[PDB]
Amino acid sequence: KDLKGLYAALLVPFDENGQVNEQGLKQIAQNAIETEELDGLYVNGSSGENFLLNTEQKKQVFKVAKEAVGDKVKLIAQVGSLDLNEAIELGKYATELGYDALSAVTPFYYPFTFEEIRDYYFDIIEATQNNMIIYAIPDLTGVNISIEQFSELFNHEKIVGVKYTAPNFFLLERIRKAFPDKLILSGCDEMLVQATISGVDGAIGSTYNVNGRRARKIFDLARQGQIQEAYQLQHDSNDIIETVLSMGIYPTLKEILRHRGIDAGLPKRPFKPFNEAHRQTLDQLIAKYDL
């Protein structure tokens, strides 16, 4: 499938031992598609606490998310890992389940050269034969990819695009102009309106789990040139984002989901659960914005 559109970065509920709550995960997946009216799920991304999981758990999440949704839902599998053998194992697994594309975070922690980064992507693709989306998130990885480095990556026909989670709108514009044929999905929910007018083909976000209807309006109105109306909705969305960030984003988003009757569980340690000192403020937010 063509991969344009709006995606929930799927959140994952855990128990107190860091085990996946499969029933809750199914509910979250269904919420994203049926209630928030999104186009797809981006599975085992940062938002899903993926980097805290073991391999079996990642496979479990891929399977449960796939089983939770209908065949018209777009599915992107984030398989990036510092363990290339694991990335390949997961990529093959997701591909076999029928995920529409793979995605992989740029290798982090170690100071890998660009050549080492490039060939990580190329090795995953060679082993899986699926399409690949680069996941660039410099604020967490410390890895910056230049316009010239993107050119080298985008030379590969199976590197179909990028999930761009970075604040630099000059770089985004240069990417958009240089690669009109590639897919660009923005990852900064708080800058969706600016990303939209910068020509992104869609967006992937944790907050779309609770605010996906509003996000769609921002995206659509901005492209229809109802920019003031789009920007007003971005103000509202950014009230939400600022609030959940101040309370701990992944556990807070899952608490908003619990209010909808979802078995939203716990974050995976060492993340701590939502602090009940924030409960009153959260309830006021949910009330104000009908979350």
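One rule holds for the numbers: they count along the sequence shown, beginning at 1.
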Q. Which wins on mean Cα temperature factor, 48-56 or 222-230?
A. 222-230
Q: Would you tell me which stretch averages the higher CA B-factor in the PDB entry, 62-70 or 39-47?
A: 62-70
(Q) Maximum C-alpha temperature factor per the entry, among 144, 196, 209, 113, belongs to which one? (A) 144
Q: Report the option among 166, 191, 200, 88 whose CA atom has the maximum B-factor in the deposited record.
A: 166
Q | Relative C-alpha B-factor of residue 20, binned into the chain's lowest, middle or highest third | A | middle
Q. Can you tell me which third, lowest, middle or highest, the CA B-factor of residue 78 falls into for its chain?
A. lowest
**Q.** Chain thirds of CA B-factor: placement of residue 156
**A.** highest
Q: Please place residue 95 in the lowest, middle or highest third of its chain by C-alpha B factor as given in the entry.
A: middle
Q | Entry-reported Cα temperature factor of residue 126, expressed as the chain third it lands in | A | highest
